[PDB]
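Colleague: What follows is data31.cif, mmCIF, N, CA and C atoms and all ligand atoms; chains and numbers go by the auth columns.
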data_work
#
loop_
_atom_site.group_PDB
_atom_site.id
_atom_site.type_symbol
_atom_site.label_atom_id
_atom_site.label_comp_id
_atom_site.label_asym_id
_atom_site.label_seq_id
_atom_site.Cartn_x
_atom_site.Cartn_y
_atom_site.Cartn_z
_atom_site.B_iso_or_equiv
_atom_site.auth_seq_id
_atom_site.auth_asym_id
ATOM 1 N N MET A 1 0.837 -1.203 0.000 0.00 266 A
ATOM 2 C CA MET A 1 0.000 0.000 0.000 0.00 266 A
ATOM 3 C C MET A 1 0.879 1.264 0.000 0.00 266 A
ATOM 4 N N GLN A 2 2.153 1.102 -0.389 0.00 267 A
ATOM 5 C CA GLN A 2 3.156 2.170 -0.406 0.00 267 A
ATOM 6 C C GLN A 2 2.890 3.272 -1.435 0.00 267 A
ATOM 7 N N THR A 3 2.232 2.936 -2.547 0.00 268 A
ATOM 8 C CA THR A 3 1.923 3.889 -3.616 0.00 268 A
ATOM 9 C C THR A 3 0.472 4.359 -3.594 0.00 268 A
ATOM 10 N N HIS A 4 0.241 5.586 -4.094 0.00 269 A
ATOM 11 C CA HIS A 4 -1.077 6.212 -4.193 0.00 269 A
ATOM 12 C C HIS A 4 -2.046 5.344 -5.020 0.00 269 A
ATOM 13 N N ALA A 5 -1.566 4.808 -6.170 0.00 270 A
ATOM 14 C CA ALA A 5 -2.325 3.947 -7.076 0.00 270 A
ATOM 15 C C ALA A 5 -2.797 2.655 -6.406 0.00 270 A
ATOM 16 N N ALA A 6 -1.941 2.029 -5.567 0.00 271 A
ATOM 17 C CA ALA A 6 -2.290 0.805 -4.841 0.00 271 A
ATOM 18 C C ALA A 6 -3.363 1.080 -3.773 0.00 271 A
ATOM 19 N N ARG A 7 -3.309 2.265 -3.122 0.00 272 A
ATOM 20 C CA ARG A 7 -4.293 2.671 -2.107 0.00 272 A
ATOM 21 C C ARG A 7 -5.635 2.984 -2.757 0.00 272 A
ATOM 22 N N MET A 8 -5.608 3.722 -3.894 0.00 273 A
ATOM 23 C CA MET A 8 -6.786 4.101 -4.687 0.00 273 A
ATOM 24 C C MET A 8 -7.587 2.896 -5.149 0.00 273 A
ATOM 25 N N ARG A 9 -6.888 1.819 -5.566 0.00 274 A
ATOM 26 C CA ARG A 9 -7.465 0.564 -6.041 0.00 274 A
ATOM 27 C C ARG A 9 -8.322 -0.138 -4.989 0.00 274 A
ATOM 28 N N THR A 10 -8.008 0.042 -3.691 0.00 275 A
ATOM 29 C CA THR A 10 -8.778 -0.555 -2.588 0.00 275 A
ATOM 30 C C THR A 10 -10.125 0.161 -2.389 0.00 275 A
ATOM 31 N N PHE A 11 -10.276 1.354 -2.988 0.00 276 A
ATOM 32 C CA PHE A 11 -11.476 2.177 -2.880 0.00 276 A
ATOM 33 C C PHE A 11 -12.428 1.948 -4.038 0.00 276 A
ATOM 34 N N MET A 12 -12.143 0.922 -4.860 0.00 277 A
ATOM 35 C CA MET A 12 -12.965 0.540 -6.007 0.00 277 A
ATOM 36 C C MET A 12 -14.363 0.131 -5.534 0.00 277 A
ATOM 37 N N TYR A 13 -14.443 -0.432 -4.314 0.00 278 A
ATOM 38 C CA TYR A 13 -15.688 -0.864 -3.694 0.00 278 A
ATOM 39 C C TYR A 13 -16.061 -0.014 -2.455 0.00 278 A
ATOM 40 N N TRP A 14 -15.522 1.227 -2.369 0.00 279 A
ATOM 41 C CA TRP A 14 -15.821 2.192 -1.299 0.00 279 A
ATOM 42 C C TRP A 14 -17.313 2.585 -1.374 0.00 279 A
ATOM 43 N N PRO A 15 -18.063 2.620 -0.240 0.00 280 A
ATOM 44 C CA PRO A 15 -19.497 2.965 -0.312 0.00 280 A
ATOM 45 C C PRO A 15 -19.776 4.365 -0.846 0.00 280 A
ATOM 46 N N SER A 16 -20.892 4.520 -1.581 0.00 281 A
ATOM 47 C CA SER A 16 -21.303 5.794 -2.182 0.00 281 A
ATOM 48 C C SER A 16 -21.777 6.836 -1.155 0.00 281 A
ATOM 49 N N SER A 17 -22.381 6.372 -0.046 0.00 282 A
ATOM 50 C CA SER A 17 -22.921 7.215 1.027 0.00 282 A
ATOM 51 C C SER A 17 -21.887 8.038 1.822 0.00 282 A
ATOM 52 N N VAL A 18 -20.617 7.575 1.899 0.00 283 A
ATOM 53 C CA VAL A 18 -19.545 8.243 2.656 0.00 283 A
ATOM 54 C C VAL A 18 -19.192 9.622 2.041 0.00 283 A
ATOM 55 N N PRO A 19 -19.323 10.732 2.813 0.00 284 A
ATOM 56 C CA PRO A 19 -19.043 12.063 2.245 0.00 284 A
ATOM 57 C C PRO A 19 -17.567 12.493 2.295 0.00 284 A
ATOM 58 N N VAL A 20 -16.663 11.528 2.045 0.00 285 A
ATOM 59 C CA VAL A 20 -15.213 11.706 1.957 0.00 285 A
ATOM 60 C C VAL A 20 -14.790 10.945 0.689 0.00 285 A
ATOM 61 N N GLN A 21 -14.046 11.614 -0.206 0.00 286 A
ATOM 62 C CA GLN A 21 -13.606 11.039 -1.479 0.00 286 A
ATOM 63 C C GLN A 21 -12.343 10.176 -1.384 0.00 286 A
ATOM 64 N N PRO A 22 -12.341 8.996 -2.053 0.00 287 A
ATOM 65 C CA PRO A 22 -11.146 8.127 -2.052 0.00 287 A
ATOM 66 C C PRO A 22 -9.816 8.820 -2.375 0.00 287 A
ATOM 67 N N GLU A 23 -9.820 9.778 -3.335 0.00 288 A
ATOM 68 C CA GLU A 23 -8.637 10.533 -3.758 0.00 288 A
ATOM 69 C C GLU A 23 -7.938 11.222 -2.579 0.00 288 A
ATOM 70 N N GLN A 24 -8.719 11.885 -1.712 0.00 289 A
ATOM 71 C CA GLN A 24 -8.214 12.627 -0.566 0.00 289 A
ATOM 72 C C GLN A 24 -7.719 11.684 0.540 0.00 289 A
ATOM 73 N N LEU A 25 -8.413 10.544 0.731 0.00 290 A
ATOM 74 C CA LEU A 25 -8.038 9.524 1.710 0.00 290 A
ATOM 75 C C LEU A 25 -6.692 8.899 1.347 0.00 290 A
ATOM 76 N N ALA A 26 -6.546 8.437 0.084 0.00 291 A
ATOM 77 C CA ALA A 26 -5.332 7.806 -0.450 0.00 291 A
ATOM 78 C C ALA A 26 -4.130 8.733 -0.438 0.00 291 A
ATOM 79 N N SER A 27 -4.349 10.053 -0.650 0.00 292 A
ATOM 80 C CA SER A 27 -3.296 11.076 -0.639 0.00 292 A
ATOM 81 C C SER A 27 -2.722 11.213 0.769 0.00 292 A
ATOM 82 N N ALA A 28 -3.600 11.112 1.783 0.00 293 A
ATOM 83 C CA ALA A 28 -3.261 11.190 3.201 0.00 293 A
ATOM 84 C C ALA A 28 -2.746 9.845 3.749 0.00 293 A
ATOM 85 N N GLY A 29 -2.458 8.895 2.850 0.00 294 A
ATOM 86 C CA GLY A 29 -1.876 7.599 3.176 0.00 294 A
ATOM 87 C C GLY A 29 -2.821 6.489 3.566 0.00 294 A
ATOM 88 N N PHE A 30 -4.136 6.716 3.417 0.00 295 A
ATOM 89 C CA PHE A 30 -5.138 5.731 3.786 0.00 295 A
ATOM 90 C C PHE A 30 -5.565 4.834 2.648 0.00 295 A
ATOM 91 N N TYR A 31 -5.936 3.592 2.994 0.00 296 A
ATOM 92 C CA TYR A 31 -6.493 2.600 2.075 0.00 296 A
ATOM 93 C C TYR A 31 -7.672 1.940 2.765 0.00 296 A
ATOM 94 N N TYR A 32 -8.696 1.559 1.985 0.00 297 A
ATOM 95 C CA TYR A 32 -9.889 0.879 2.478 0.00 297 A
ATOM 96 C C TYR A 32 -9.528 -0.589 2.721 0.00 297 A
ATOM 97 N N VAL A 33 -9.777 -1.073 3.943 0.00 298 A
ATOM 98 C CA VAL A 33 -9.464 -2.454 4.335 0.00 298 A
ATOM 99 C C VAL A 33 -10.548 -3.469 3.884 0.00 298 A
ATOM 100 N N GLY A 34 -11.593 -2.970 3.209 0.00 299 A
ATOM 101 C CA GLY A 34 -12.716 -3.780 2.746 0.00 299 A
ATOM 102 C C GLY A 34 -13.627 -4.169 3.894 0.00 299 A
ATOM 103 N N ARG A 35 -14.024 -3.173 4.727 0.00 300 A
ATOM 104 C CA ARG A 35 -14.870 -3.331 5.915 0.00 300 A
ATOM 105 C C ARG A 35 -15.525 -2.004 6.285 0.00 300 A
ATOM 106 N N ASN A 36 -16.869 -1.893 6.114 0.00 301 A
ATOM 107 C CA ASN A 36 -17.687 -0.701 6.421 0.00 301 A
ATOM 108 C C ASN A 36 -17.098 0.540 5.725 0.00 301 A
ATOM 109 N N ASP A 37 -16.509 1.471 6.502 0.00 302 A
ATOM 110 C CA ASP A 37 -15.808 2.653 6.007 0.00 302 A
ATOM 111 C C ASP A 37 -14.452 2.772 6.739 0.00 302 A
ATOM 112 N N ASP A 38 -13.941 1.612 7.224 0.00 303 A
ATOM 113 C CA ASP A 38 -12.677 1.490 7.940 0.00 303 A
ATOM 114 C C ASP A 38 -11.531 1.628 6.963 0.00 303 A
ATOM 115 N N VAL A 39 -10.611 2.553 7.279 0.00 304 A
ATOM 116 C CA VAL A 39 -9.387 2.819 6.534 0.00 304 A
ATOM 117 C C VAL A 39 -8.211 2.692 7.513 0.00 304 A
ATOM 118 N N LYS A 40 -7.021 2.406 6.975 0.00 305 A
ATOM 119 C CA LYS A 40 -5.788 2.304 7.740 0.00 305 A
ATOM 120 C C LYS A 40 -4.718 3.051 6.984 0.00 305 A
ATOM 121 N N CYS A 41 -3.812 3.719 7.704 0.00 306 A
ATOM 122 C CA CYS A 41 -2.691 4.387 7.070 0.00 306 A
ATOM 123 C C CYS A 41 -1.640 3.315 6.795 0.00 306 A
ATOM 124 N N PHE A 42 -1.035 3.339 5.602 0.00 307 A
ATOM 125 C CA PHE A 42 -0.035 2.347 5.158 0.00 307 A
ATOM 126 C C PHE A 42 1.243 2.375 6.003 0.00 307 A
ATOM 127 N N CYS A 43 1.528 3.543 6.579 0.00 308 A
ATOM 128 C CA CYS A 43 2.727 3.846 7.332 0.00 308 A
ATOM 129 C C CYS A 43 2.624 3.554 8.825 0.00 308 A
ATOM 130 N N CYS A 44 1.706 4.226 9.531 0.00 309 A
ATOM 131 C CA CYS A 44 1.545 4.084 10.976 0.00 309 A
ATOM 132 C C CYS A 44 0.581 2.995 11.372 0.00 309 A
ATOM 133 N N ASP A 45 -0.195 2.428 10.411 0.00 310 A
ATOM 134 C CA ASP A 45 -1.219 1.401 10.673 0.00 310 A
ATOM 135 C C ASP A 45 -2.371 1.963 11.535 0.00 310 A
ATOM 136 N N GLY A 46 -2.499 3.289 11.562 0.00 311 A
ATOM 137 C CA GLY A 46 -3.558 3.966 12.298 0.00 311 A
ATOM 138 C C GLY A 46 -4.900 3.735 11.630 0.00 311 A
ATOM 139 N N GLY A 47 -5.873 3.265 12.404 0.00 312 A
ATOM 140 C CA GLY A 47 -7.205 2.963 11.895 0.00 312 A
ATOM 141 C C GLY A 47 -8.206 4.068 12.121 0.00 312 A
ATOM 142 N N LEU A 48 -8.978 4.411 11.079 0.00 313 A
ATOM 143 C CA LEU A 48 -10.020 5.435 11.150 0.00 313 A
ATOM 144 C C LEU A 48 -11.321 4.962 10.508 0.00 313 A
ATOM 145 N N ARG A 49 -12.446 5.280 11.162 0.00 314 A
ATOM 146 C CA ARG A 49 -13.797 4.939 10.714 0.00 314 A
ATOM 147 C C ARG A 49 -14.766 6.063 11.091 0.00 314 A
ATOM 148 N N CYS A 50 -16.050 5.935 10.695 0.00 315 A
ATOM 149 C CA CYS A 50 -17.129 6.894 10.962 0.00 315 A
ATOM 150 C C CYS A 50 -16.837 8.293 10.373 0.00 315 A
ATOM 151 N N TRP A 51 -16.463 8.299 9.089 0.00 316 A
ATOM 152 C CA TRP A 51 -16.150 9.493 8.312 0.00 316 A
ATOM 153 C C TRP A 51 -17.389 10.359 8.088 0.00 316 A
ATOM 154 N N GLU A 52 -17.364 11.576 8.645 0.00 317 A
ATOM 155 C CA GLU A 52 -18.462 12.538 8.571 0.00 317 A
ATOM 156 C C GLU A 52 -18.234 13.580 7.475 0.00 317 A
ATOM 157 N N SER A 53 -19.271 14.384 7.169 0.00 318 A
ATOM 158 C CA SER A 53 -19.177 15.454 6.176 0.00 318 A
ATOM 159 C C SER A 53 -18.252 16.566 6.694 0.00 318 A
ATOM 160 N N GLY A 54 -17.387 17.058 5.812 0.00 319 A
ATOM 161 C CA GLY A 54 -16.424 18.110 6.121 0.00 319 A
ATOM 162 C C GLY A 54 -15.132 17.622 6.750 0.00 319 A
ATOM 163 N N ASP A 55 -14.945 16.289 6.816 0.00 320 A
ATOM 164 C CA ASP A 55 -13.733 15.679 7.359 0.00 320 A
ATOM 165 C C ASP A 55 -12.599 15.812 6.355 0.00 320 A
ATOM 166 N N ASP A 56 -11.451 16.328 6.809 0.00 321 A
ATOM 167 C CA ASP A 56 -10.241 16.437 5.995 0.00 321 A
ATOM 168 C C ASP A 56 -9.346 15.284 6.480 0.00 321 A
ATOM 169 N N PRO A 57 -9.029 14.284 5.615 0.00 322 A
ATOM 170 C CA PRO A 57 -8.216 13.136 6.068 0.00 322 A
ATOM 171 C C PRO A 57 -6.849 13.470 6.672 0.00 322 A
ATOM 172 N N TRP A 58 -6.188 14.551 6.202 0.00 323 A
ATOM 173 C CA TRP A 58 -4.888 14.976 6.733 0.00 323 A
ATOM 174 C C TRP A 58 -5.037 15.495 8.156 0.00 323 A
ATOM 175 N N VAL A 59 -6.161 16.208 8.433 0.00 324 A
ATOM 176 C CA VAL A 59 -6.467 16.761 9.748 0.00 324 A
ATOM 177 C C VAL A 59 -6.748 15.602 10.698 0.00 324 A
ATOM 178 N N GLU A 60 -7.556 14.620 10.249 0.00 325 A
ATOM 179 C CA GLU A 60 -7.874 13.431 11.047 0.00 325 A
ATOM 180 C C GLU A 60 -6.628 12.607 11.320 0.00 325 A
ATOM 181 N N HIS A 61 -5.700 12.559 10.342 0.00 326 A
ATOM 182 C CA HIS A 61 -4.433 11.854 10.466 0.00 326 A
ATOM 183 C C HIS A 61 -3.593 12.484 11.601 0.00 326 A
ATOM 184 N N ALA A 62 -3.430 13.825 11.583 0.00 327 A
ATOM 185 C CA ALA A 62 -2.681 14.587 12.591 0.00 327 A
ATOM 186 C C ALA A 62 -3.375 14.666 13.958 0.00 327 A
ATOM 187 N N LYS A 63 -4.715 14.537 13.983 0.00 328 A
ATOM 188 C CA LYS A 63 -5.504 14.597 15.211 0.00 328 A
ATOM 189 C C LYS A 63 -5.339 13.317 16.032 0.00 328 A
ATOM 190 N N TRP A 64 -5.399 12.148 15.372 0.00 329 A
ATOM 191 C CA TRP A 64 -5.342 10.851 16.047 0.00 329 A
ATOM 192 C C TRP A 64 -3.986 10.155 15.996 0.00 329 A
ATOM 193 N N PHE A 65 -3.199 10.358 14.922 0.00 330 A
ATOM 194 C CA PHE A 65 -1.896 9.681 14.791 0.00 330 A
ATOM 195 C C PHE A 65 -0.788 10.699 14.517 0.00 330 A
ATOM 196 N N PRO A 66 -0.527 11.633 15.481 0.00 331 A
ATOM 197 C CA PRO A 66 0.442 12.705 15.222 0.00 331 A
ATOM 198 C C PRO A 66 1.881 12.272 15.001 0.00 331 A
ATOM 199 N N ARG A 67 2.270 11.100 15.540 0.00 332 A
ATOM 200 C CA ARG A 67 3.640 10.589 15.431 0.00 332 A
ATOM 201 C C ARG A 67 3.912 9.797 14.151 0.00 332 A
ATOM 202 N N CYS A 68 2.933 9.723 13.215 0.00 333 A
ATOM 203 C CA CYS A 68 3.109 9.033 11.945 0.00 333 A
ATOM 204 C C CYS A 68 4.248 9.649 11.124 0.00 333 A
ATOM 205 N N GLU A 69 5.221 8.808 10.696 0.00 334 A
ATOM 206 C CA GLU A 69 6.383 9.235 9.902 0.00 334 A
ATOM 207 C C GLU A 69 5.994 9.859 8.546 0.00 334 A
ATOM 208 N N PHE A 70 5.027 9.249 7.833 0.00 335 A
ATOM 209 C CA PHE A 70 4.524 9.749 6.552 0.00 335 A
ATOM 210 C C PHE A 70 3.823 11.113 6.713 0.00 335 A
ATOM 211 N N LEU A 71 2.938 11.245 7.719 0.00 336 A
ATOM 212 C CA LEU A 71 2.234 12.494 8.012 0.00 336 A
ATOM 213 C C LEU A 71 3.232 13.611 8.299 0.00 336 A
ATOM 214 N N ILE A 72 4.233 13.356 9.172 0.00 337 A
ATOM 215 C CA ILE A 72 5.279 14.343 9.482 0.00 337 A
ATOM 216 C C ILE A 72 6.099 14.739 8.233 0.00 337 A
ATOM 217 N N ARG A 73 6.533 13.764 7.418 0.00 338 A
ATOM 218 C CA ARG A 73 7.344 14.001 6.220 0.00 338 A
ATOM 219 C C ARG A 73 6.583 14.806 5.162 0.00 338 A
ATOM 220 N N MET A 74 5.278 14.552 4.990 0.00 339 A
ATOM 221 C CA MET A 74 4.452 15.237 3.984 0.00 339 A
ATOM 222 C C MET A 74 3.954 16.599 4.446 0.00 339 A
ATOM 223 N N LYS A 75 3.385 16.646 5.649 0.00 340 A
ATOM 224 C CA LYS A 75 2.765 17.844 6.223 0.00 340 A
ATOM 225 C C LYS A 75 3.665 18.684 7.152 0.00 340 A
ATOM 226 N N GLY A 76 4.608 18.051 7.852 0.00 341 A
ATOM 227 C CA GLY A 76 5.533 18.759 8.743 0.00 341 A
ATOM 228 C C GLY A 76 5.067 18.844 10.178 0.00 341 A
ATOM 229 N N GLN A 77 6.025 19.004 11.111 0.00 342 A
ATOM 230 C CA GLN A 77 5.767 19.093 12.547 0.00 342 A
ATOM 231 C C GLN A 77 4.914 20.299 12.902 0.00 342 A
ATOM 232 N N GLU A 78 5.113 21.443 12.212 0.00 343 A
ATOM 233 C CA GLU A 78 4.323 22.652 12.478 0.00 343 A
ATOM 234 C C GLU A 78 2.821 22.409 12.256 0.00 343 A
ATOM 235 N N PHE A 79 2.445 21.749 11.131 0.00 344 A
ATOM 236 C CA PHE A 79 1.054 21.397 10.820 0.00 344 A
ATOM 237 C C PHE A 79 0.501 20.461 11.910 0.00 344 A
ATOM 238 N N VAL A 80 1.267 19.393 12.231 0.00 345 A
ATOM 239 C CA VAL A 80 0.889 18.413 13.261 0.00 345 A
ATOM 240 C C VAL A 80 0.665 19.120 14.612 0.00 345 A
ATOM 241 N N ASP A 81 1.608 20.009 15.015 0.00 346 A
ATOM 242 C CA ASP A 81 1.521 20.782 16.258 0.00 346 A
ATOM 243 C C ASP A 81 0.213 21.578 16.335 0.00 346 A
ATOM 244 N N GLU A 82 -0.166 22.297 15.242 0.00 347 A
ATOM 245 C CA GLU A 82 -1.385 23.114 15.132 0.00 347 A
ATOM 246 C C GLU A 82 -2.629 22.285 15.380 0.00 347 A
ATOM 247 N N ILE A 83 -2.760 21.129 14.680 0.00 348 A
ATOM 248 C CA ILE A 83 -3.902 20.197 14.800 0.00 348 A
ATOM 249 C C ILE A 83 -4.034 19.669 16.247 0.00 348 A
ATOM 250 N N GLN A 84 -2.901 19.540 16.960 0.00 349 A
ATOM 251 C CA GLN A 84 -2.811 19.094 18.358 0.00 349 A
ATOM 252 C C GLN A 84 -3.044 20.231 19.366 0.00 349 A
ATOM 253 N N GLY A 85 -3.338 21.421 18.852 0.00 350 A
ATOM 254 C CA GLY A 85 -3.629 22.606 19.648 0.00 350 A
ATOM 255 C C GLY A 85 -2.434 23.434 20.060 0.00 350 A
ATOM 256 N N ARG A 86 -1.265 23.250 19.409 0.00 351 A
ATOM 257 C CA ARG A 86 -0.049 23.998 19.753 0.00 351 A
ATOM 258 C C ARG A 86 0.342 24.953 18.638 0.00 351 A
ATOM 259 N N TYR A 87 0.153 26.246 18.878 0.00 352 A
ATOM 260 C CA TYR A 87 0.495 27.293 17.919 0.00 352 A
ATOM 261 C C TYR A 87 1.763 28.021 18.337 0.00 352 A
HETATM 262 ZN ZN ZN B . -0.171 7.438 9.397 0.00 401 B
#
As structure tokens, please, write out the structure in this file.
Modeller:
Amino acid sequence: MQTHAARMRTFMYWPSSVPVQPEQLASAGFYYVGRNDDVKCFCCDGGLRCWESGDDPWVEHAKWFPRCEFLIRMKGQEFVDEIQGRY
């Protein structure tokens, strides 16, 4: 699940009702595990479910799994710090 294309392919059977797009999930390192709306990050193995309207996957990534190596490398410690309430 190291590549964007491999993560995107797992969303081929992603439910239509979920108000979060596969493109944005896969960019933030998530892939659909083929269960409800459960996704896991390829890097930290952080699991996320119950995706609501207006959810930004990068924000959810930094909110619940701030120590993820991929999240830090892509978004940076400053972004992670902000999401954790540190300005
Ligand atoms: Zn992660």
Colleague: Which one is closest to ligand ZN 401 (chain B): A:298, A:336, A:271, A:283? Count all atoms listed in the file.
Modeller: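 Smallest distance to ligand ZN 401 (chain B) is found for A:336.
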Colleague: I want to know what sits within 8 Å of segment 303-320 of chain A, based on all atoms listed in the file, with residues of the same chain fewer than 5 positions away left out; could you give that as a count of residues only?
Modeller: 20
Colleague: So which residues of chain A fall under strand (DSSP E or B) by DSSP, listed as a VMD selection string?
Modeller: chain A and resid 295 to 297 304 to 306 312 to 313
Colleague: One number please: atom C of residue 321 of chain A to atom C of residue 352 of chain A, in Å, one decimal.
Modeller: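 That distance, rounded to one decimal, is 20.6 Å.
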Colleague: Grab the atom N of residue 268 of chain A to atom C of residue 302 of chain A distance for me, in Å with one decimal place.
Modeller: 19.1 Å
Colleague: In Å, rounded to a single decimal, give me how far atom C of residue 322 of chain A is from atom N of residue 346 of chain A.
Modeller: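 Between atom N of residue 346 of chain A and atom C of residue 322 of chain A the gap works out to 13.6 Å.
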Colleague: What are the centre and the three edge lengths of an axis-aligned box that wraps all atoms of segment 337-346 of chain A in the file, given that 8 Å is added to every side, written as lines of an AutoDock Vina configuration file and rounded to one decimal in Å?
Modeller:
center_x = 3.8
center_y = 18.0
center_z = 10.2
size_x = 23.1
size_y = 25.3
size_z = 28.4
Colleague: Write out as number ranges by chain all residues of chain A that backbone DSSP assigns to helix (DSSP H, G or I).
Modeller: A: 269-274, 287-292, 322-329, 334-340, 342-348
Colleague: Given the choices A:280, A:299, A:331, A:287, which gets closest to ligand ZN 401 (chain B) if the distance is worked out from only N, CA and C atoms and all ligand atoms?
Modeller: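 Distance minimum relative to ligand ZN 401 (chain B) lands on A:331.
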Colleague: With only C-alpha atoms and all ligand atoms as the basis for distance, which of A:345, A:327, A:340, A:277 is at the shortest distance from ligand ZN 401 (chain B)?
Modeller: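 Closest candidate: A:327.
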Colleague: Output: segment 285-305 of chain A of the preceding structure, restricted to N, CA and C atoms, written as a PDB file, in the first residue's frame.
Modeller:
ATOM      1  N   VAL A 285     -16.663  11.528   2.045  1.00  0.00           N
ATOM      2  CA  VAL A 285     -15.213  11.706   1.957  1.00  0.00           C
ATOM      3  C   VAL A 285     -14.790  10.945   0.689  1.00  0.00           C
ATOM      4  N   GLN A 286     -14.046  11.614  -0.206  1.00  0.00           N
ATOM      5  CA  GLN A 286     -13.606  11.039  -1.479  1.00  0.00           C
ATOM      6  C   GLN A 286     -12.343  10.176  -1.384  1.00  0.00           C
ATOM      7  N   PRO A 287     -12.341   8.996  -2.053  1.00  0.00           N
ATOM      8  CA  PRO A 287     -11.146   8.127  -2.052  1.00  0.00           C
ATOM      9  C   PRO A 287      -9.816   8.820  -2.375  1.00  0.00           C
ATOM     10  N   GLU A 288      -9.820   9.778  -3.335  1.00  0.00           N
ATOM     11  CA  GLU A 288      -8.637  10.533  -3.758  1.00  0.00           C
ATOM     12  C   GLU A 288      -7.938  11.222  -2.579  1.00  0.00           C
ATOM     13  N   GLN A 289      -8.719  11.885  -1.712  1.00  0.00           N
ATOM     14  CA  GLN A 289      -8.214  12.627  -0.566  1.00  0.00           C
ATOM     15  C   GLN A 289      -7.719  11.684   0.540  1.00  0.00           C
ATOM     16  N   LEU A 290      -8.413  10.544   0.731  1.00  0.00           N
ATOM     17  CA  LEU A 290      -8.038   9.524   1.710  1.00  0.00           C
ATOM     18  C   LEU A 290      -6.692   8.899   1.347  1.00  0.00           C
ATOM     19  N   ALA A 291      -6.546   8.437   0.084  1.00  0.00           N
ATOM     20  CA  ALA A 291      -5.332   7.806  -0.450  1.00  0.00           C
ATOM     21  C   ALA A 291      -4.130   8.733  -0.438  1.00  0.00           C
ATOM     22  N   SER A 292      -4.349  10.053  -0.650  1.00  0.00           N
ATOM     23  CA  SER A 292      -3.296  11.076  -0.639  1.00  0.00           C
ATOM     24  C   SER A 292      -2.722  11.213   0.769  1.00  0.00           C
ATOM     25  N   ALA A 293      -3.600  11.112   1.783  1.00  0.00           N
ATOM     26  CA  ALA A 293      -3.261  11.190   3.201  1.00  0.00           C
ATOM     27  C   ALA A 293      -2.746   9.845   3.749  1.00  0.00           C
ATOM     28  N   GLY A 294      -2.458   8.895   2.850  1.00  0.00           N
ATOM     29  CA  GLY A 294      -1.876   7.599   3.176  1.00  0.00           C
ATOM     30  C   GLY A 294      -2.821   6.489   3.566  1.00  0.00           C
ATOM     31  N   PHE A 295      -4.136   6.716   3.417  1.00  0.00           N
ATOM     32  CA  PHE A 295      -5.138   5.731   3.786  1.00  0.00           C
ATOM     33  C   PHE A 295      -5.565   4.834   2.648  1.00  0.00           C
ATOM     34  N   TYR A 296      -5.936   3.592   2.994  1.00  0.00           N
ATOM     35  CA  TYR A 296      -6.493   2.600   2.075  1.00  0.00           C
ATOM     36  C   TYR A 296      -7.672   1.940   2.765  1.00  0.00           C
ATOM     37  N   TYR A 297      -8.696   1.559   1.985  1.00  0.00           N
ATOM     38  CA  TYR A 297      -9.889   0.879   2.478  1.00  0.00           C
ATOM     39  C   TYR A 297      -9.528  -0.589   2.721  1.00  0.00           C
ATOM     40  N   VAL A 298      -9.777  -1.073   3.943  1.00  0.00           N
ATOM     41  CA  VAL A 298      -9.464  -2.454   4.335  1.00  0.00           C
ATOM     42  C   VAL A 298     -10.548  -3.469   3.884  1.00  0.00           C
ATOM     43  N   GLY A 299     -11.593  -2.970   3.209  1.00  0.00           N
ATOM     44  CA  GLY A 299     -12.716  -3.780   2.746  1.00  0.00           C
ATOM     45  C   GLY A 299     -13.627  -4.169   3.894  1.00  0.00           C
ATOM     46  N   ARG A 300     -14.024  -3.173   4.727  1.00  0.00           N
ATOM     47  CA  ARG A 300     -14.870  -3.331   5.915  1.00  0.00           C
ATOM     48  C   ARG A 300     -15.525  -2.004   6.285  1.00  0.00           C
ATOM     49  N   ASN A 301     -16.869  -1.893   6.114  1.00  0.00           N
ATOM     50  CA  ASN A 301     -17.687  -0.701   6.421  1.00  0.00           C
ATOM     51  C   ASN A 301     -17.098   0.540   5.725  1.00  0.00           C
ATOM     52  N   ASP A 302     -16.509   1.471   6.502  1.00  0.00           N
ATOM     53  CA  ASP A 302     -15.808   2.653   6.007  1.00  0.00           C
ATOM     54  C   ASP A 302     -14.452   2.772   6.739  1.00  0.00           C
ATOM     55  N   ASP A 303     -13.941   1.612   7.224  1.00  0.00           N
ATOM     56  CA  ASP A 303     -12.677   1.490   7.940  1.00  0.00           C
ATOM     57  C   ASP A 303     -11.531   1.628   6.963  1.00  0.00           C
ATOM     58  N   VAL A 304     -10.611   2.553   7.279  1.00  0.00           N
ATOM     59  CA  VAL A 304      -9.387   2.819   6.534  1.00  0.00           C
ATOM     60  C   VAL A 304      -8.211   2.692   7.513  1.00  0.00           C
ATOM     61  N   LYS A 305      -7.021   2.406   6.975  1.00  0.00           N
ATOM     62  CA  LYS A 305      -5.788   2.304   7.740  1.00  0.00           C
ATOM     63  C   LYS A 305      -4.718   3.051   6.984  1.00  0.00           C
TER      64      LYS A 305
END
